[PDB]
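Presented below is the structure to which this report refers.
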Amino acid sequence: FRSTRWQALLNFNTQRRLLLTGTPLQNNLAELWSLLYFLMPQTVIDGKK
DNA sequence: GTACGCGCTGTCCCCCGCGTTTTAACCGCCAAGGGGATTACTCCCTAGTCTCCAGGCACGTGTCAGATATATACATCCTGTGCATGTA
C-alpha cells in the first residue's frame with residue numbers, strides 16, 4: 001500500500017487493466033484489499049467489516 | 001648605461017575526451033520506539049530608583065634632566081729681534 005510504485009502507476013491513462021500473478025497470499029487481507037483498490041478506485045478502505 | 005621586458009623559437013608533456021569498470025544511493029520490509037524544543041504555569045529575588053556622605057583623578061605647581069651659550073687656559077703660526085763668523 002505504502003510503496004511509491006503503488007501510487008506511481010495509479011494515475012496512468014488506461015481504460016482496461018489485466019493482472020498476471022501466480023498466487024496471492026491467502027491470509028493478511030491487507031494486500032488483497034490493496035490489490036482490489038488498485039484494480040478500481042471504488043471500494044472502501046474498511047475490509048475488516 | 002644597460003639589462004630586463006618582450007617577441008620568437010623549439011621541446012615535450014600533462015590534462016581532455018571518449019570509453020570502460022566500479023560503486024553510492026534510493027526503493028521495500030516491518031512498523032517499532034525515542035527525545036528535545038515548545039507552551040503553559042508557578043513562584044521569587046535582584047536591579048531600578050531614590051538617597052546623602054565620602055572622595056579622587058583632572059588640574060596646577062616644583063624640581064631634576066637634557067641640551068646650549070660662555071669665559072678660559074693653553075695651542076699653533078706669526079712677528080719682531082738679537083747673535084756669530086766670513087767676505088773684498
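Readers should treat all values here as calculations from the given coordinates under stated rules, not as data from a laboratory. Quick reminder, even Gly has a Cβ in these numbers, built from the backbone with ideal geometry, and neighbours come from all protein chains shown.
Tabulated data
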item: J(HN,Hα) series, segment A:4-16, from Karplus relation 6.51 cos²θ - 1.76 cosθ + 1.60, nearest Hz, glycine and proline x; result: 5, 5, 4, 7, 5, 8, 5, 7, 5, 8, 9, 10, 8
item: Ordering of A:8-18, A:36-46 by packing [mean C-beta count within 10 Å, highest first]; result: A:36-46, A:8-18
item: In degrees, nearest ten, helix A:29-39 long axis to first principal axis of chain A (Cα); result: 20
item: Convex hull projection area averaged over all views, chain A, Cα basis, nm²; result: 4.1
item: Contour minus Cα-Cα distance for A:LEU20 and A:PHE1 (0.36 nm per residue); result: 5.0 nm
item: Difference of contour (0.36 nm per residue) and Cα-Cα distance, A:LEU36 to A:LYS48; result: 2.9 nm
item: Chain A, dipole about Cα centre (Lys/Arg Cβ +1, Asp/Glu Cβ -1), debye to the nearest 20; result: 60
